[PDB]
Amino acid sequence: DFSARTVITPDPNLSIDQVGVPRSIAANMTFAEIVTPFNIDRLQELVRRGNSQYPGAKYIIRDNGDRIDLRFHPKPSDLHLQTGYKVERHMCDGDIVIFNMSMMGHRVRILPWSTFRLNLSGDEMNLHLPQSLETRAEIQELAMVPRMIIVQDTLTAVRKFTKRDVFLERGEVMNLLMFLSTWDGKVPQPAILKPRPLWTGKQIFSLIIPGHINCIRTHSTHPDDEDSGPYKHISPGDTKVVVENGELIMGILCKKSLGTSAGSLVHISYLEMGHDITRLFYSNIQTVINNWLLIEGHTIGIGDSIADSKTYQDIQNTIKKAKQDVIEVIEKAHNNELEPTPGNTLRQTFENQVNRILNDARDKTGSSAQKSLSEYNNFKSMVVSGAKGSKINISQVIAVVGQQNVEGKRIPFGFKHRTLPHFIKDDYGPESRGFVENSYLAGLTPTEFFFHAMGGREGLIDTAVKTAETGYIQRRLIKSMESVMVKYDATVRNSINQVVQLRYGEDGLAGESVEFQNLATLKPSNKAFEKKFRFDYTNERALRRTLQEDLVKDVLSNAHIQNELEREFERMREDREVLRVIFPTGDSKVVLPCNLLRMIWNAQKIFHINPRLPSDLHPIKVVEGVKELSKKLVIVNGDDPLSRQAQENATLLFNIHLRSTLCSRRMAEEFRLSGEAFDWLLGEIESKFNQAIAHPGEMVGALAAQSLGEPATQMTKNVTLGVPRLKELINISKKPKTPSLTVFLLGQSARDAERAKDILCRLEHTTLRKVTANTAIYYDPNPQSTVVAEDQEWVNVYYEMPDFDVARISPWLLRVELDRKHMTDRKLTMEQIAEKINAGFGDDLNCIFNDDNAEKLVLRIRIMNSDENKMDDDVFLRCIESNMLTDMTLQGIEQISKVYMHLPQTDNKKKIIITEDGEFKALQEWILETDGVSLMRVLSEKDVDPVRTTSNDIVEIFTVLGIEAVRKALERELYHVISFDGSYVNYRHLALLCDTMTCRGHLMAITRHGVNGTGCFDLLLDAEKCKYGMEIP
Amino acid sequence: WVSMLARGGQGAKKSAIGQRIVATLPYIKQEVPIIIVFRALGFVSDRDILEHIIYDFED
Amino acid sequence: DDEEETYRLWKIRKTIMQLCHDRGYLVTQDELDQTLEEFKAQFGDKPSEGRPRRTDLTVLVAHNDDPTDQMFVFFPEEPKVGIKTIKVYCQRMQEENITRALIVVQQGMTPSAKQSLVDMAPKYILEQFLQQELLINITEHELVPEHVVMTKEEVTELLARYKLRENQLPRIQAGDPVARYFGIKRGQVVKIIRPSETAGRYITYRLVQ
Amino acid sequence: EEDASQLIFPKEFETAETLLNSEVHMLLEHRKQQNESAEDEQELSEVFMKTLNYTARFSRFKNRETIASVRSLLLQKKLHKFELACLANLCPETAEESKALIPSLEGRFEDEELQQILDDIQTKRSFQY
Amino acid sequence: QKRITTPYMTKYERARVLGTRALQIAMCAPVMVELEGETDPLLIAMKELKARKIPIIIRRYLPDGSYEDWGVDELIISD
Amino acid sequence: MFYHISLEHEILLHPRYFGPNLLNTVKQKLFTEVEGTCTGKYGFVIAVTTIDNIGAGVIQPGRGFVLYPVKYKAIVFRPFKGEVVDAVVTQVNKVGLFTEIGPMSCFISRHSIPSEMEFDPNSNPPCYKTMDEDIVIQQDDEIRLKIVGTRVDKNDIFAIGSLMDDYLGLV
């Protein structure tokens, strides 16, 4: 029953799950309901109301299937209903509705006005009402908003609310706590009892936090040196967020701490408590902060934009300095003083130098503007909390708008060598080329306004096409993975029943319950890892402090326990080695189902564990308990070797992290957990992991498409990225836009710069055109004439030897000059060039070379004597001259236009090799990124790494390395574009897309159709269980 | 459209002469050389063809 | 260039010897990590315009499980490979009574000669390998995971545990460079132990078809 | 049981050759001319008139020469006869447009070569103004 | 017997079992557990699952064509 | 879609037309039976180009009507299922857009139309316009649609289209 579309308005009072609907719309919509004795009277009164009154029924259906309209009401007897009938009663409060393939259900609330109300935490919408009870029950159980998961008007106030400065009087506290649904009813004790009570904002927010959840976060304006300083725990600026036992002891909240992220209060509560409790957390924050906002208040005005005169002079001074610097650069290029970089030309190099000067000025002036704003300033409050806006937006409002680039470059010369008629011809100054030095508040000049419009026009055009293209990808991905689902054997299969993945995400765990954490058994070197993990029982004094007197005696009494302690460390050391191969990059961050560090902290608070007293936990219990826990955690149930082998692989990382986190030394050194605490810890891990198992019947394919399509909207050597690359990744078109190849060098040359140039030349393809200066066809009657005067001196001595002079020689010539500068860059030699011409073309012509030491290089080519004795020699020379200047490769590989060589500052490109000590170190290795794909020939080259040399073109990798290598390459390219803008996507979703494309052994283009179900189990009735039961009537 | 053939193509005679101008007439399906058009006009002499195209003989 | 040929031929020999080891044939330890310096010393002369040719580069290895299952790696020694030379090689292999042989063809192959590999008897198994392909070891590449060929006994047990069919398993082209490297044919299952980021290790099985 | 996207349809239509909307107008014009003057016969059926306007409104080519040139140009390729009229009638603006509208083309046509075919059709089709 | 599926009950199974049972309860179906005034049918079925009395038997179809009969009472629910 | 075919039709000729040059009457009769009709199997027979040949006239016993199997060349309009083709809008209603694909008429349901589109009864004339107003479908508007299915009714073919697929609309 689709409804009439109506606009959307916000309503913080309503819960996020609840939705407001007008009376008129609900009157038209009807919900068939089966009448039962327990609610026979309820349907009897509603039907009596009629359709004139809103709480009525449009139609009533009898057992035989006949529908009687209630508008007429012909007979009172017909109005009366019997048990088992279906009544289409109008929608009322408490009903479940579903609207925007993943749809979220909502609980309808009737409101007086017409427009729909949604507790966003505008666009028209239509809400669908599930008529059947079965689907209504299912929707409310899995499709509700709490299971699907803050406005910018609340995050900004939240940061102000938690500020230490905020103090609340008794009267104010009463109002804030009244809106708190999850309130025990007891007013907390004031922080400042005298001279007058004053509740801090955190104290009120402490009750908002549900249950006891512990996490540590940092405010956006958190100085880096503050953590290293002695005031790390006592933050000078309250920039550190710590929560203990559900109480916000310190720290100002913001998007980083309260907003959705890998680690946040909402995220931690979702895993610790669930979705229902998490929703109340959202509602409490929205309601309480809104009431407080009426007291504090949030605003914005000219005063925020108006900065102090001191900063205005600095901004103009920086702008003036940048403008003068640009003129100096222009003057250097005008006088030919500027020297182009070897990897760029003069015109492009000048555009690069000027761009940096203007770009740097905007950032420097913009950064000063951020410091200019005071705490009271409203502009700073928004950015500091990170709710809305950005530091760049403030920069364009206060300091400077910045350069207005068009098509990735400055304003082009639309007119004859001038951007606009006002500017002189061939003007490359700041104002002429579109540099906007005036902020929005100050006002732009007439020239700047048009240039600003040109820049804005490009963004609008890109935005218009970006949505169209991005939306196309979302539909295409869903169709190709619509049938992908997890079956009851913990396998991912499609409609055809083909195995896409043995285990979902290669681990068999849901992508929602997994939490980010960093196991600490791979980063420490061989000196810190041993000290931090290997238990040392030789120190009598140390053990007494850590363990009670009896425990120290027990461990040193029998050698059986001592062997186990060393054995446990050996497993950790063995786990250390296997991690290195699994993680060559060495990054500690990794995705795991449940967070042990947080869970351990919860155990400490629940049991009130203090590190001062010795821990009563037996170290042998930790190793024994962990051993038992590992067996209880099962992914591939069975006893066959394949199941046992798969089980170890599936839980390889989890077991390694579990053992490292839970060991004899750590549990007695820092964690200090008691015997009872450890027992509770083991049970919690077992329960959390069990809940993390991928539930059969989950549309992982559809989830992956939604998870992959959402970041696609926020996407948009020159490497094409964003939508253009994402389009070229799903599409297997043989010719991408910029099929770049990254070449990694090995050995001594990988470190030196000059030694890497010869490799650059031998990979780059160079033709005679790029190395030649000029060519001509001269006439010489006899061989000794040599009409050219300059070359007569050197040709004579060379020609004395009768080489190819055994007979008559044609009087034509093909003398061609070679550029001196180009030869030096390629380190070419005259003999090398001559050899290729003779060998490449054969014995059809003969070439003569001059001395290399000569300032000008002369290359004379004449047709071979054998062919001399229809284009005899004159027209043929013209024909051959063009051929050797176009399709002649002196040295290099075809399809390689240019090679970019530069030391990689990024860590991923840099080689990471394990040092002797153990700590990871990344050396500096030269990398040659080259345009075009020649991986087959580039790999088979001297001084080129055959292992780390990978291309970005999946098609090339398929024909060289195979489909299996493409799966990893496709993952890297998909992750590279997704991570370019800072967004992150779970690996399981990315792996699923690659597996489906490569499931058939060859690259498959994503289904272009893009047109766009819980049937793996059936419910069966049992008579044995029905023997008991009494009818309600 | 008085087009000019690209140098990309290679041939026995095409490479020698290289780049030649071809003009397509509105009612002629194929591309006929521009030089022939002037001959049809009445300028049989080849020098007259260069006179109308090349104004600066010194260059 | 004579010097360039030494490295080009040395890489082919090094990769070829490692190919047999990966397949499952008995290969001497010294021949796998043989250095370029020893390549010239072993032959004692420059390959091009010298006594060392491609004909004598032929190597003979025996399967580890059974010594009677020898393998051949022939070199055409010619710019292009024709039918006549191919018939000679198989005819020559007939005397030794061997079932598999490897041909290291140069960049160019006669299209008619390609048909020789298709019309050969079922007991004839000739696998073509381009010179450029063997200059690098595909297996050692980081993107390429560890590939292990599954025996018939394992395949039947594997399907019984997972209750799977031949079509349900992921497919892999027979012409894949990795498939050609292992010399696998239709009906063979390849065990892929890749280092999955999530679970650390993830074993995948693909059927050649 | 028949679907145009999958190139499945009754076997009888295989022998038939497709026709362009503009080309059909010429055939209808030839039929119209003889009926109007050559023979004294009842007026043409309403169905004939309806399709005549449809072809005229959607006619992408002026004369037979333009129609023949496109037909000959597309015949050189391996384009299926069903796509021959479908591509010309639709006049996709870009290669991506045609593949989505015509799933068959994606099977045996690359993103680059087909783009060089659609743009050729653009140079042939002309507007009234 | 010889059942290899997870002992726990998936969220999808729980939603369908309660939904189907709730629909049955609304159709004058008997209730195994005692009734303490719970009018809404979903609440009646919800406590039935808690007490492990729902007669519904879940037949999980394996991808290979085999099926396993898992009782709601046998399966371990999360409360 | 328009095709060139060779069909067979048994022409029933009355004995009254047994005069001189009776083949002309058979030829002209074929321009009325198969012309302007719509066979359910081959679609609308919009026009007939030429006649291939006329078979021998067999006299049906008892009936007395001579049957003439004649082969002719004609062009048909057969809408293949799942085929995208341009259409002309003839009317617009709350139920959905009513299109006209040549001789036949194709109806577009509201559900098949993208959700962004919204019917406007106030605007004169009615036209399915989205809120953004970027694309509007007025009457006699050239729009592209995909025929999900076709049904034959009362010797006529009725088609159902949709615009959910990409690039279906004004363009």
# chains A, B, ... in the order shown; residues from 1 in each chain; ligands from 1
$ select_by_dssp --residues "segment 574-651 of chain A" --states "alpha helix (DSSP H)" --output "ChimeraX atom specification"
/A:574-582,596-606,619-632,641-650
$ select_by_dssp --residues "chain C" --states "strand (DSSP E or B)" --output "ChimeraX atom specification"
/C:25-26,59-63,70-74,80-81,100-105,108-109,125-130,146-150,171-172,189-194,202-208
$ residues_around --residues "residue 4 of chain D" --least-positions-apart "4" --cutoff "9 Å" --atoms "only C-alpha atoms" --output "PyMOL selection string"
(chain D and resi 8-9+82+102+104) or (chain F and resi 80-84)
$ closest_atom_pairs --of "chain A" --to "chain E" --cutoff "8 Å" --atoms "only C-alpha atoms" --output "Markdown table"
| residue | atom | partner | partner_atom | distance |
| --- | --- | --- | --- | --- |
| A:34 | CA | E:26 | CA | 6.4 |
| A:35 | CA | E:26 | CA | 7.3 |
| A:36 | CA | E:26 | CA | 6.0 |
| A:38 | CA | E:39 | CA | 6.0 |
| A:39 | CA | E:39 | CA | 7.3 |
| A:84 | CA | E:27 | CA | 6.3 |
| A:133 | CA | E:23 | CA | 5.9 |
| A:134 | CA | E:19 | CA | 4.4 |
| A:135 | CA | E:19 | CA | 7.0 |
| A:136 | CA | E:19 | CA | 7.6 |
| A:137 | CA | E:19 | CA | 4.9 |
| A:138 | CA | E:15 | CA | 4.9 |
| A:141 | CA | E:15 | CA | 5.8 |
| A:142 | CA | E:15 | CA | 7.4 |
| A:487 | CA | E:63 | CA | 6.5 |
| A:488 | CA | E:62 | CA | 5.8 |
| A:489 | CA | E:5 | CA | 6.7 |
| A:497 | CA | E:63 | CA | 6.7 |
| A:637 | CA | E:4 | CA | 7.0 |
| A:638 | CA | E:4 | CA | 7.9 |
| A:695 | CA | E:10 | CA | 5.5 |
| A:696 | CA | E:10 | CA | 7.0 |
| A:697 | CA | E:12 | CA | 6.9 |
| A:1014 | CA | E:12 | CA | 7.8 |
| A:1016 | CA | E:61 | CA | 5.3 |
| A:1017 | CA | E:60 | CA | 4.2 |
| A:1018 | CA | E:59 | CA | 5.1 |
| A:1019 | CA | E:58 | CA | 4.7 |
| A:1020 | CA | E:57 | CA | 4.7 |
| A:1021 | CA | E:56 | CA | 4.8 |
| A:1022 | CA | E:55 | CA | 5.4 |
| A:1023 | CA | E:55 | CA | 7.4 |
| A:1024 | CA | E:55 | CA | 7.8 |
| A:1025 | CA | E:55 | CA | 4.9 |
| A:1026 | CA | E:55 | CA | 6.0 |
| A:1028 | CA | E:32 | CA | 5.9 |
| A:1029 | CA | E:32 | CA | 3.9 |
| A:1030 | CA | E:30 | CA | 5.5 |
| A:1031 | CA | E:30 | CA | 4.5 |
| A:1032 | CA | E:30 | CA | 6.8 |
$ write_last_selection --atoms "N, CA, C and O atoms" --output "short mmCIF file (atom, residue, chain, number, x, y, z; two decimals), in the first residue's frame"
data_model
loop_
_atom_site.label_atom_id
_atom_site.label_comp_id
_atom_site.auth_asym_id
_atom_site.auth_seq_id
_atom_site.Cartn_x
_atom_site.Cartn_y
_atom_site.Cartn_z
N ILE A 34 -6.03 -9.91 11.69
CA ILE A 34 -6.92 -11.03 12.00
C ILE A 34 -7.51 -10.82 13.39
O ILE A 34 -6.79 -10.63 14.37
N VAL A 35 -8.84 -10.87 13.47
CA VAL A 35 -9.51 -10.65 14.75
C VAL A 35 -9.38 -11.90 15.62
O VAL A 35 -9.45 -13.03 15.13
N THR A 36 -9.20 -11.68 16.91
CA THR A 36 -9.04 -12.74 17.89
C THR A 36 -9.88 -12.40 19.12
O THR A 36 -10.13 -11.22 19.38
N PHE A 38 -9.09 -12.15 22.15
CA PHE A 38 -8.41 -11.21 23.03
C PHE A 38 -8.56 -9.77 22.57
O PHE A 38 -8.44 -8.85 23.39
N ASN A 39 -8.82 -9.54 21.28
CA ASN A 39 -9.00 -8.20 20.75
C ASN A 39 -10.27 -8.10 19.91
O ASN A 39 -10.35 -7.27 18.99
N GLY A 84 -11.77 -14.99 13.49
CA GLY A 84 -11.07 -15.42 12.29
C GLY A 84 -11.20 -14.49 11.10
O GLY A 84 -10.60 -14.78 10.06
N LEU A 133 1.22 -10.25 8.97
CA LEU A 133 1.81 -10.24 10.30
C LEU A 133 3.21 -10.85 10.28
O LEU A 133 4.10 -10.39 11.00
N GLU A 134 3.41 -11.90 9.47
CA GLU A 134 4.70 -12.58 9.46
C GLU A 134 5.82 -11.64 9.05
O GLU A 134 6.86 -11.56 9.72
N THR A 135 5.64 -10.90 7.95
CA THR A 135 6.66 -9.96 7.52
C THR A 135 6.74 -8.76 8.46
O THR A 135 7.82 -8.19 8.65
N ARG A 136 5.61 -8.36 9.05
CA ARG A 136 5.65 -7.29 10.05
C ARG A 136 6.50 -7.69 11.24
O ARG A 136 7.29 -6.88 11.74
N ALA A 137 6.35 -8.93 11.71
CA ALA A 137 7.18 -9.41 12.81
C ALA A 137 8.65 -9.46 12.40
O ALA A 137 9.53 -9.08 13.17
N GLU A 138 8.92 -9.95 11.19
CA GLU A 138 10.30 -10.03 10.72
C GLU A 138 10.93 -8.65 10.58
O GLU A 138 12.10 -8.45 10.93
N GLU A 141 12.10 -7.14 13.76
CA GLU A 141 13.12 -7.93 14.45
C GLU A 141 14.51 -7.72 13.86
O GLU A 141 15.51 -7.86 14.58
N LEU A 142 14.61 -7.40 12.57
CA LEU A 142 15.89 -7.27 11.90
C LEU A 142 16.04 -6.00 11.07
O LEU A 142 17.18 -5.58 10.83
N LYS A 487 25.42 -19.82 3.17
CA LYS A 487 24.57 -20.98 3.40
C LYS A 487 24.83 -21.55 4.80
O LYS A 487 25.63 -21.02 5.58
N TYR A 488 24.14 -22.65 5.12
CA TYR A 488 24.21 -23.23 6.45
C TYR A 488 25.50 -24.00 6.70
O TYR A 488 25.75 -24.39 7.85
N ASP A 489 26.31 -24.24 5.67
CA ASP A 489 27.61 -24.87 5.83
C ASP A 489 28.73 -23.85 6.00
O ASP A 489 29.91 -24.19 5.82
N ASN A 497 24.58 -22.07 -6.86
CA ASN A 497 25.17 -22.91 -5.82
C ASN A 497 26.68 -23.05 -5.98
O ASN A 497 27.28 -23.96 -5.40
N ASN A 637 33.52 -26.85 12.24
CA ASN A 637 33.25 -28.00 13.09
C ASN A 637 33.53 -29.30 12.35
O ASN A 637 33.18 -29.46 11.18
N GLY A 638 34.17 -30.23 13.04
CA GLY A 638 34.49 -31.52 12.47
C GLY A 638 35.74 -32.10 13.09
O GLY A 638 36.44 -31.45 13.87
N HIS A 695 26.05 -15.51 10.56
CA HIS A 695 24.80 -16.25 10.61
C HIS A 695 24.39 -16.68 9.21
O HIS A 695 24.29 -15.84 8.31
N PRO A 696 24.16 -17.97 8.97
CA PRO A 696 23.67 -18.40 7.65
C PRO A 696 22.37 -17.69 7.29
O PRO A 696 21.51 -17.44 8.14
N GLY A 697 22.23 -17.38 6.01
CA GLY A 697 21.07 -16.66 5.52
C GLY A 697 21.25 -15.16 5.41
O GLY A 697 20.26 -14.45 5.22
N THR A 1014 15.87 -15.57 1.81
CA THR A 1014 15.46 -16.23 3.04
C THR A 1014 14.61 -17.47 2.74
O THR A 1014 13.45 -17.57 3.11
N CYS A 1016 16.59 -20.68 2.55
CA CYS A 1016 17.49 -21.79 2.84
C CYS A 1016 16.98 -22.67 3.98
O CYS A 1016 17.53 -23.76 4.18
N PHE A 1017 15.97 -22.23 4.72
CA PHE A 1017 15.40 -23.02 5.80
C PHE A 1017 13.88 -22.92 5.75
O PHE A 1017 13.32 -21.90 5.36
N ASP A 1018 13.22 -24.01 6.15
CA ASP A 1018 11.77 -24.09 6.17
C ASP A 1018 11.29 -24.49 7.55
O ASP A 1018 11.90 -25.35 8.21
N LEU A 1019 10.20 -23.87 8.00
CA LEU A 1019 9.62 -24.16 9.30
C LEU A 1019 8.63 -25.31 9.18
O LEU A 1019 7.74 -25.27 8.32
N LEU A 1020 8.78 -26.31 10.04
CA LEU A 1020 7.95 -27.51 10.01
C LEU A 1020 7.21 -27.65 11.33
O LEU A 1020 7.78 -27.42 12.40
N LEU A 1021 5.94 -28.03 11.26
CA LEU A 1021 5.13 -28.23 12.45
C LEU A 1021 5.34 -29.63 13.01
O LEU A 1021 5.47 -30.60 12.25
N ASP A 1022 5.37 -29.74 14.33
CA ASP A 1022 5.57 -31.00 15.02
C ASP A 1022 4.34 -31.32 15.87
O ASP A 1022 3.88 -30.47 16.63
N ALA A 1023 3.82 -32.54 15.73
CA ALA A 1023 2.67 -32.96 16.51
C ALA A 1023 3.04 -33.30 17.95
O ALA A 1023 2.23 -33.10 18.86
N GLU A 1024 4.26 -33.80 18.17
CA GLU A 1024 4.66 -34.19 19.52
C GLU A 1024 4.67 -32.99 20.46
O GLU A 1024 4.21 -33.08 21.61
N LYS A 1025 5.19 -31.85 19.99
CA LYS A 1025 5.22 -30.65 20.83
C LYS A 1025 3.85 -30.00 20.96
O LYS A 1025 3.65 -29.18 21.86
N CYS A 1026 2.90 -30.35 20.09
CA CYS A 1026 1.55 -29.81 20.16
C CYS A 1026 0.66 -30.57 21.13
O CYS A 1026 -0.48 -30.14 21.37
N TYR A 1028 0.80 -30.68 24.23
CA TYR A 1028 0.55 -29.81 25.37
C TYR A 1028 0.13 -28.43 24.89
O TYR A 1028 0.65 -27.92 23.89
N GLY A 1029 -0.82 -27.83 25.59
CA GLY A 1029 -1.31 -26.51 25.25
C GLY A 1029 -2.80 -26.36 25.44
O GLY A 1029 -3.57 -27.28 25.14
N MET A 1030 -3.22 -25.19 25.93
CA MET A 1030 -4.63 -24.90 26.17
C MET A 1030 -5.03 -23.67 25.36
O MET A 1030 -4.30 -22.67 25.32
N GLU A 1031 -6.20 -23.74 24.73
CA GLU A 1031 -6.69 -22.63 23.94
C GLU A 1031 -7.02 -21.44 24.84
O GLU A 1031 -7.54 -21.60 25.94
N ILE A 1032 -6.70 -20.23 24.36
CA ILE A 1032 -6.93 -19.03 25.16
C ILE A 1032 -8.41 -18.86 25.50
O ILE A 1032 -8.72 -18.59 26.67
#
$ interface_residues --of "chain D" --to "chain B" --cutoff "12 Å" --atoms "only C-alpha atoms" --output "JSON, numbers by chain"
{"D": [65, 66, 69]}
$ interface_residues --of "chain C" --to "chain A" --cutoff "10 Å" --atoms "only C-alpha atoms" --output "JSON, numbers by chain"
{"C": [4, 7, 8, 11, 132, 133, 134, 135, 136, 137, 138, 139, 140, 141, 142, 143, 144, 145, 147, 154, 157, 158, 161, 162, 163, 164, 165, 166, 167, 168, 169, 170, 171, 172, 173, 174, 175, 176, 177, 178, 179, 180, 192, 193, 194, 195, 196, 197, 198, 199, 200, 201, 202, 203, 204, 205, 206, 207, 208, 209]}
